[PDB]
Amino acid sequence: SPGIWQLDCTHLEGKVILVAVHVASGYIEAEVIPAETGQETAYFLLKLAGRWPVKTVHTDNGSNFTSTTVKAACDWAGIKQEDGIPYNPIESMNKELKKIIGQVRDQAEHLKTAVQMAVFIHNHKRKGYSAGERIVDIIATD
């Protein structure tokens, strides 16, 4: 289904990376944030929603998602929040993203740059179509 995303967090070098996965395509977007707060999480989701037509987000039900800033953001953007609901068979994608980050880490002075290089690699990898090609094909309305 084209409008369904899953958000996950992963912690590295003592920083936090918020990852949004477009479930149908495996396409990802990611940002390093200083901590898993309501306001940081809200701002991430507002940006994501401005970029793609986001109808539903599955979350881990962390306290950052139960916050009223996140709820305000989701209602403003018309996003339905599904807290603590798995769509079924991820920690692979976290271990994978961290695998790729580990491979490019020596090419960037700062972790945030390495994370973006890793996102680029991930979304462009042919598996035949890339995740980046699949998300657009799935979302296109004509």
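Residue indices: 1-based, along the sequence shown.
- According to the record, 4 to 9 deposited residues between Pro89 and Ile90 are left without atomic coordinates.
- According to the record, 4 to 9 deposited residues between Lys127 and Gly128 are left without atomic coordinates.
- Looking at mean Cα B-factors across 75-83 and 112-120, the upper value is held by 75-83.
- Per the PDB record, of the two stretches 99-107 and 40-48, 99-107 carries the greater mean B-factor over its C-alpha atoms.
- The PDB entry assigns its highest CA temperature factor, among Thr56, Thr59, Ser63, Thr69, to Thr69.
- Per the deposited record, the Cα B-factor of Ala24 falls in the middle third when ranked against the other modelled residues of its chain.
- Ranked against the other modelled residues of its chain, the C-alpha B-factor of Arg134 as given in the entry falls in the lowest third.
- Looking at the C-alpha B-factors along this chain, the one for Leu18 belongs to the lowest third.
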